[PDB]
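[1] Sequence plus experimental coordinates follow:
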Amino acid sequence: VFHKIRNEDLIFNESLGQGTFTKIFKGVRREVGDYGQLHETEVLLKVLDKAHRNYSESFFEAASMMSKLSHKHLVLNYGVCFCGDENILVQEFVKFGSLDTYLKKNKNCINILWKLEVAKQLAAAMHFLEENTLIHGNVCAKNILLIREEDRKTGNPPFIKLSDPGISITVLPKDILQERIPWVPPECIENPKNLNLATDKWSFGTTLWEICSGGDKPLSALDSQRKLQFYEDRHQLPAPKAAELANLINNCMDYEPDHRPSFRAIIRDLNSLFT
Ligand SMILES: Cc1ccc(Nc2nc(N)nc(CN(C)Cc3ccc(Br)s3)n2)cc1
């Protein structure tokens, strides 16, 4: 059960765009913080129409269950505003935003070791979720949030978090799942009830492809029908431009869900690259 935030303490400043049946804003939350200090905290606001009751309930149940598992690589949600005809998730505002946009804005002038570090951090988050048997179901590079850039002087690496899960693919329209190929795995295209921890291993592979491809979207040239044929003919993605993780990508994007490796195994594989 999330902390309730009053509409009166939320200021909406910028309209940023949309997610899946959500509207996204930058704003400020007025709050009493540590030592009783009054703060105006920057927040990322995700707004759902309460008339889409099934979507809203799925969205907030997913955010709540994940926010019960505090972890350094899982986004902080401050709470929720049951805000009239809308329900609003109040999330921390991450300074550098989504990783796919970041990589594009930096023109993929990012070395493989940076990419490896981000993959290790995501894998650490996913291992924690796996140990907690919590399915995320929407792993993608847009949901990797960059808290801090690398600092070459100190040797500090970039630092990421994984965003909230959003509406479950067990509730979303089939057309949305197909648009989300190749993040949504083939078994969930066949039947969304096949959602399983194995789903996240597949999507982790697709996410690593995105990271290695500078924020390109795999299969962007394919409409939904060509994306179905992609899975029918059992194709794999092409090796990304930075090919060091291509084997891992393909091992995670296994058409047999039960064969996808555990996140402990994935981490050991990541740790073994470059001796
Ligand atoms: C330009 C800029 C810079 C930083 C941030 N900060 C941020 N903080 C959080 N917590 N999450 C996100 C990304 N998630 C996927 C929500 C969004 C979906 C669509 C958009 Br557009 S933002 N961005 C946002 C915009």
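    Sure thing, it's come through. Numbering: from 1, shown residues only.

[2] Mind exporting the C-alpha coordinates of the helix or strand that residue 271 is a member of to CSV?
    In the assignment (DSSP states H and E), residue 271 maps to helix 263-272. What follows is helix 263-272 as a C-alpha-only set of coordinates in CSV (Å, rounded to 0.1, in the frame of the first residue of the first chain):
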residue,chain,number,x,y,z
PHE,A,263,20.2,-14.5,-13.9
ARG,A,264,22.9,-16.0,-11.7
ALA,A,265,24.3,-17.7,-14.8
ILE,A,266,23.9,-14.5,-16.9
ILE,A,267,25.9,-12.6,-14.3
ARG,A,268,28.6,-15.2,-14.3
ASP,A,269,28.7,-14.9,-18.1
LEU,A,270,28.9,-11.1,-18.0
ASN,A,271,31.7,-11.3,-15.4
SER,A,272,33.7,-13.7,-17.6
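
[3] and that helix, how far from the chain's centre?
    The chain centre lies 20 Å from the centre of helix 263-272; the measure is Cα atoms, centre = their mean, to the nearest Å.

[4] Stretch 194-214 too?
    Worked out by Cα atoms, centre = their mean, stretch 194-214 lies 10 Å from the chain centre.

[5] Check stretch 239-257 too.
    18 Å.

[6] again, but for stretch 53-73
    13 Å.

[7] follow-up on the earlier one: just list what the helix holding residue 271 packs against, helices and strands only.
    helix 112-131, helix 197-212, helix 246-252 (3 or more Cβ pairs under 8 Å, 6 or more residues apart in numbering; DSSP states H and E). C-beta here means a position set from N, CA and C on the backbone, and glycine is covered the same way.

[8] can you pull the buried residues of that helix?
    The neighbour-count check on helix 263-272 (16 or more other Cβ atoms under 10 Å) flags 263, 266, 267, 269, 270 as buried.

[9] Now flag whichever of these is closest to the ligand.
    Using Cβ to the nearest ligand atom, residue 263 is the member of those that lies nearest the ligand, at 22.1 Å.

[10] how about the strands in this protein?
    10-19, 22-32, 38-49, 77-83, 86-92, 144-148, 159-162 (DSSP state E).

[11] I'd like these as a markdown table, with mean neighbour count appended.
    A markdown table is the format used below for these (neighbours: other Cβ atoms under 10 Å):
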| stretch | mean neighbour count |
| --- | --- |
| strand 10-19 | 13 |
| strand 22-32 | 17 |
| strand 38-49 | 18 |
| strand 77-83 | 18 |
| strand 86-92 | 22 |
| strand 144-148 | 20 |
| strand 159-162 | 22 |
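
[12] Spatially nearest residue to residue 214, not counting backbone neighbours?
    In space, and not counting its chain neighbours, residue 214 is closest to residue 108: 3.0 Å by Cβ to Cβ, 6 or more residues apart in numbering.

[13] residues in the protein within reach of the ligand, list them.
    16-17, 19, 24, 44, 91-94, 97-98, 142-143, 145, 163 (Cβ under 6 Å from any ligand atom).

[14] How about the backbone phi and psi for the residue of the stretch 151-275 of the chain found nearest the ligand?
    Nearest to the ligand, among the residues of the stretch 151-275 of the chain, is residue 163, at 5.4 Å (Cβ to the nearest ligand atom). The phi and psi torsions at residue 163 (degrees, to the nearest 10) take the values phi -70, psi 170.

[15] Now do the contacts for residue 29.
    5, 9, 10, 11, 40, 41, 43, 78, 90 (Cβ atoms under 8 Å, 6 or more residues apart in numbering).

[16] now the first one: how far from the ligand?
    When you say that, I think you mean residue 5. Noted for residue 5: a distance of 15 Å to the ligand, by Cβ to the nearest ligand atom, to the nearest Å.

[17] Next: the last one.
    Separation of residue 90 from the ligand (Cβ to the nearest ligand atom) stands at 10 Å.

[18] Quick check: whichever residue of the chain sits closest to the ligand vs residue 66, distance?
    For the chain and the ligand, the shortest gap (Cβ to the nearest ligand atom) falls at residue 97, measuring 2.9 Å. Look at residue 97 and residue 66: by Cβ to Cβ, to the nearest Å, they are 19 Å apart.
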